[PDB]
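Participant: Here you go, query.cif (mmCIF, C-alpha atoms (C1' of nucleotides)):
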data_upload
#
loop_
_atom_site.group_PDB
_atom_site.id
_atom_site.type_symbol
_atom_site.label_atom_id
_atom_site.label_comp_id
_atom_site.auth_asym_id
_atom_site.auth_seq_id
_atom_site.Cartn_x
_atom_site.Cartn_y
_atom_site.Cartn_z
ATOM 1 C CA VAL A 110 -17.786 70.461 49.257
ATOM 2 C CA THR A 111 -14.384 70.515 50.974
ATOM 3 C CA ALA A 112 -12.288 70.471 54.219
ATOM 4 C CA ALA A 113 -13.448 74.124 54.752
ATOM 5 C CA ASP A 114 -17.052 72.649 55.048
ATOM 6 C CA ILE A 115 -16.271 69.924 57.734
ATOM 7 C CA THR A 116 -17.083 69.930 61.484
ATOM 8 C CA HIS A 117 -15.051 67.919 64.058
ATOM 9 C CA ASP A 118 -17.446 65.480 65.830
ATOM 10 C CA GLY A 119 -14.294 63.826 67.448
ATOM 11 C CA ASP A 120 -10.435 63.805 67.681
ATOM 12 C CA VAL A 121 -9.377 64.087 63.962
ATOM 13 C CA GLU A 122 -6.463 65.917 62.276
ATOM 14 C CA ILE A 123 -6.927 66.493 58.446
ATOM 15 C CA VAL A 124 -3.682 66.294 56.306
ATOM 16 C CA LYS A 125 -6.001 66.140 53.142
ATOM 17 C CA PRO A 126 -7.515 69.671 52.457
ATOM 18 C CA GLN A 127 -7.494 69.131 48.647
ATOM 19 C CA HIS A 128 -9.863 66.055 48.830
ATOM 20 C CA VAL A 129 -12.990 67.787 47.352
ATOM 21 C CA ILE A 130 -16.111 65.559 47.784
ATOM 22 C CA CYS A 131 -19.026 67.003 45.624
ATOM 23 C CA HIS A 132 -20.919 70.301 44.688
ATOM 24 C CA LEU A 133 -24.016 72.591 45.230
ATOM 25 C CA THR A 134 -25.555 75.261 42.902
ATOM 26 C CA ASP A 135 -28.156 77.659 44.522
ATOM 27 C CA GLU A 136 -28.288 80.588 47.057
ATOM 28 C CA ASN A 137 -30.569 78.391 49.319
ATOM 29 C CA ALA A 138 -28.928 74.908 48.683
ATOM 30 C CA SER A 139 -27.574 72.518 51.431
ATOM 31 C CA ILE A 140 -26.139 68.994 52.140
ATOM 32 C CA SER A 141 -25.068 67.309 55.452
ATOM 33 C CA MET A 142 -23.554 63.966 56.574
ATOM 34 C CA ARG A 143 -21.772 62.140 59.425
ATOM 35 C CA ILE A 144 -18.528 60.231 58.688
ATOM 36 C CA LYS A 145 -16.978 57.375 60.797
ATOM 37 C CA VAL A 146 -13.133 57.137 60.782
ATOM 38 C CA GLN A 147 -10.565 54.519 62.030
ATOM 39 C CA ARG A 148 -6.714 54.117 62.237
ATOM 40 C CA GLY A 149 -5.902 50.539 63.449
ATOM 41 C CA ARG A 150 -3.032 49.081 61.306
ATOM 42 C CA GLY A 151 -4.458 46.126 59.251
ATOM 43 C CA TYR A 152 -7.193 45.134 56.719
ATOM 44 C CA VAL A 153 -10.702 43.505 56.477
ATOM 45 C CA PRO A 154 -13.422 43.630 53.685
ATOM 46 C CA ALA A 155 -16.518 45.898 54.203
ATOM 47 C CA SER A 156 -18.835 42.804 54.040
ATOM 48 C CA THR A 157 -16.502 40.199 55.616
ATOM 49 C CA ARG A 158 -16.067 42.046 58.969
ATOM 50 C CA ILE A 159 -18.434 39.135 60.032
ATOM 51 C CA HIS A 160 -18.663 39.798 63.866
ATOM 52 C "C1'" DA B 1 11.901 42.391 -54.050
ATOM 53 C "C1'" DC B 2 11.212 42.328 -49.686
ATOM 54 C "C1'" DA B 3 8.361 41.968 -45.381
ATOM 55 C "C1'" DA B 4 6.850 39.731 -41.065
ATOM 56 C "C1'" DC B 5 4.079 36.243 -40.093
ATOM 57 C "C1'" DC B 6 2.425 30.934 -38.989
ATOM 58 C "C1'" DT B 7 4.549 27.176 -36.360
ATOM 59 C "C1'" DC B 8 7.200 24.712 -32.654
ATOM 60 C "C1'" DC B 9 13.445 25.131 -33.379
ATOM 61 C "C1'" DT B 10 17.193 25.876 -29.648
ATOM 62 C "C1'" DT B 11 19.526 28.947 -27.257
ATOM 63 C "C1'" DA B 12 20.487 30.762 -22.413
ATOM 64 C "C1'" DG B 13 19.797 34.625 -18.901
ATOM 65 C "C1'" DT B 14 18.586 34.936 -14.050
ATOM 66 C "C1'" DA B 15 17.048 32.311 -9.250
ATOM 67 C "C1'" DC B 16 16.252 37.121 -1.918
ATOM 68 C "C1'" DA B 17 18.676 37.477 3.285
ATOM 69 C "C1'" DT B 18 21.503 37.197 8.104
ATOM 70 C "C1'" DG B 19 24.433 33.595 10.877
ATOM 71 C "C1'" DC B 20 27.099 29.270 13.131
ATOM 72 C "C1'" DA B 21 29.559 24.730 12.913
ATOM 73 C "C1'" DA B 22 34.236 21.658 10.339
ATOM 74 C "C1'" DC B 23 38.403 18.479 9.086
ATOM 75 C "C1'" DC B 24 41.925 19.428 4.813
ATOM 76 C "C1'" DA B 25 43.046 14.005 1.385
ATOM 77 C "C1'" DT B 26 43.774 12.142 -4.289
ATOM 78 C "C1'" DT B 27 47.592 10.969 -8.736
ATOM 79 C "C1'" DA B 28 52.231 8.494 -10.698
ATOM 80 C "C1'" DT B 29 55.500 9.618 -13.871
ATOM 81 C "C1'" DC B 30 61.686 4.705 -15.475
ATOM 82 C "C1'" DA B 31 64.874 10.797 -14.046
ATOM 83 C "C1'" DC B 32 67.043 7.325 -15.275
ATOM 84 C "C1'" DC B 33 73.103 8.376 -14.482
ATOM 85 C "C1'" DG B 34 76.594 10.458 -16.720
ATOM 86 C "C1'" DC B 35 79.804 14.416 -15.839
ATOM 87 C "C1'" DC B 36 82.265 17.706 -12.765
ATOM 88 C "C1'" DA B 37 81.713 21.538 -10.133
ATOM 89 C "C1'" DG B 38 84.210 24.926 -7.143
ATOM 90 C "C1'" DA B 39 83.025 21.773 -3.639
ATOM 91 C "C1'" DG B 40 82.953 18.263 -0.125
ATOM 92 C "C1'" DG B 41 86.255 16.370 2.899
ATOM 93 C "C1'" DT B 42 90.280 16.851 6.123
ATOM 94 C "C1'" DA B 43 95.044 17.461 6.868
ATOM 95 C "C1'" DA B 44 98.182 20.819 8.636
ATOM 96 C "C1'" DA B 45 98.368 26.470 10.660
ATOM 97 C "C1'" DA B 46 95.871 30.471 10.611
ATOM 98 C "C1'" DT B 47 92.119 33.162 14.099
ATOM 99 C "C1'" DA B 48 94.270 32.501 18.293
ATOM 100 C "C1'" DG B 49 91.757 28.467 22.243
ATOM 101 C "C1'" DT B 50 90.740 24.886 25.099
ATOM 102 C "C1'" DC B 51 90.458 23.161 30.188
ATOM 103 C "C1'" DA B 52 93.457 20.581 33.015
ATOM 104 C "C1'" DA B 53 97.112 21.375 36.122
ATOM 105 C "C1'" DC B 54 98.387 23.809 40.444
ATOM 106 C "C1'" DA B 55 97.642 27.268 42.271
ATOM 107 C "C1'" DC B 56 94.726 31.104 43.484
ATOM 108 C "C1'" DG B 57 90.876 33.462 46.091
ATOM 109 C "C1'" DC B 58 86.222 34.267 47.166
ATOM 110 C "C1'" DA B 59 81.051 33.776 47.943
ATOM 111 C "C1'" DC B 60 77.587 31.665 49.755
ATOM 112 C "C1'" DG B 61 74.919 29.106 52.748
ATOM 113 C "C1'" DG B 62 74.045 26.543 56.955
ATOM 114 C "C1'" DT B 63 74.766 26.037 61.478
ATOM 115 C "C1'" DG B 64 74.752 28.472 65.484
ATOM 116 C "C1'" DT B 65 73.405 32.448 68.555
ATOM 117 C "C1'" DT B 66 71.170 36.378 69.090
ATOM 118 C "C1'" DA B 67 67.441 39.735 68.442
ATOM 119 C "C1'" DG B 68 62.750 41.485 68.500
ATOM 120 C "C1'" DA B 69 58.583 40.910 66.945
ATOM 121 C "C1'" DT B 70 54.221 39.211 67.154
ATOM 122 C "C1'" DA B 71 50.163 36.805 68.828
ATOM 123 C "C1'" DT B 72 48.742 35.566 72.488
ATOM 124 C "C1'" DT B 73 46.960 36.510 77.033
ATOM 125 C "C1'" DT B 74 44.996 39.876 80.097
ATOM 126 C "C1'" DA B 75 42.041 44.056 81.131
ATOM 127 C "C1'" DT B 76 40.663 48.197 80.316
ATOM 128 C "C1'" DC B 77 37.725 51.628 77.630
ATOM 129 C "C1'" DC B 78 34.125 53.532 74.493
ATOM 130 C "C1'" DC B 79 30.557 53.232 71.332
ATOM 131 C "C1'" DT B 80 26.744 51.084 70.809
ATOM 132 C "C1'" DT B 81 22.258 48.881 71.818
ATOM 133 C "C1'" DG B 82 17.459 48.867 72.926
ATOM 134 C "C1'" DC B 83 13.735 51.044 75.204
ATOM 135 C "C1'" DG B 84 11.435 55.078 76.574
ATOM 136 C "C1'" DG B 85 9.710 59.930 77.141
ATOM 137 C "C1'" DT B 86 7.875 63.049 74.683
ATOM 138 C "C1'" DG B 87 9.865 65.489 70.832
ATOM 139 C "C1'" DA B 88 8.167 70.916 66.372
ATOM 140 C "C1'" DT B 89 7.996 67.188 62.822
ATOM 141 C "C1'" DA B 90 4.652 66.798 58.345
ATOM 142 C "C1'" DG B 91 2.521 70.152 56.171
ATOM 143 C "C1'" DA B 92 -1.963 73.089 56.661
ATOM 144 C "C1'" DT B 93 -2.566 77.203 57.471
ATOM 145 C "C1'" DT B 94 -1.527 82.205 58.456
#
Using structure tokens, write down the structure from this file.

Facilitator:
Amino acid sequence: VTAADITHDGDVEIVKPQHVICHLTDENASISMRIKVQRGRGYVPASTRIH
DNA sequence: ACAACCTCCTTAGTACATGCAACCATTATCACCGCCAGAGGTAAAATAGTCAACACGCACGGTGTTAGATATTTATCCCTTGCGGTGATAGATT
């Protein structure tokens, strides 16, 4: 599961093709997800975003 | 006939390795003093010379003027700043 398996739900370049995520094994297998992405320029903890 | 063995005898052979700092004393003991050496002293003359005299003659340095350089002043010029517009990067793909 790879960059060649993405779809662009927004404005996103991808200078990370080699970032393989996971795998599948059968001729009828599947997996799907959404992903949220951000740029900003500073840091906050995942469970101290607070408001 | 000797052999080593029992006992405490004494002897004496050794005592690991790397490095830095400190300074170099104690003795008493007649060396006599007699002789004379070449050998210390110094007067007078060799191996040769001083420095004062009157000359000789020159260099150097300080006072003076000149020279020109320099550091200032002025003002010019360019290279740089910072922001901005929008650049073909980085690098993923063909």

Participant: Measuring atom to atom with all atoms listed in the file, identify which of A:144, A:153, A:115, A:110 is nearest to residue 130 in chain A.

Facilitator: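 Checking each candidate against residue 130 in chain A, we get A:110 as the closest.
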
Participant: Report as a tab-separated table: every residue of chain A with an atom at most 9 Å from chain B, its closest pair of atoms, and their distance in Å to one decimal, counting only C-alpha atoms (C1' of nucleotides), with rows sorted by chain and ascending residue number.

Facilitator:
residue	atom	partner	partner_atom	distance
A:123	CA	B:92	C1'	8.4
A:124	CA	B:92	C1'	7.0
A:125	CA	B:92	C1'	8.8
A:126	CA	B:92	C1'	7.8

Participant: What is the distance, in Å and to one decimal place, between CA of residue 122 in chain A and CA of residue 152 in chain A?

Facilitator: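 Separation of CA of residue 122 in chain A and CA of residue 152 in chain A: 21.5 Å.
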
Participant: Find the distance between CA of residue 119 in chain A and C1' of residue 84 in chain B and write it in Å to one decimal.

Facilitator: 28.7 Å

Participant: Report, in Å with one decimal, the straight-line distance from CA of residue 143 in chain A to CA of residue 114 in chain A.

Facilitator: 12.3 Å

Participant: With distances taken over all atoms listed in the file, which of A:111, A:147, A:160, A:155 is nearest to residue 129 in chain A?

Facilitator: A:111
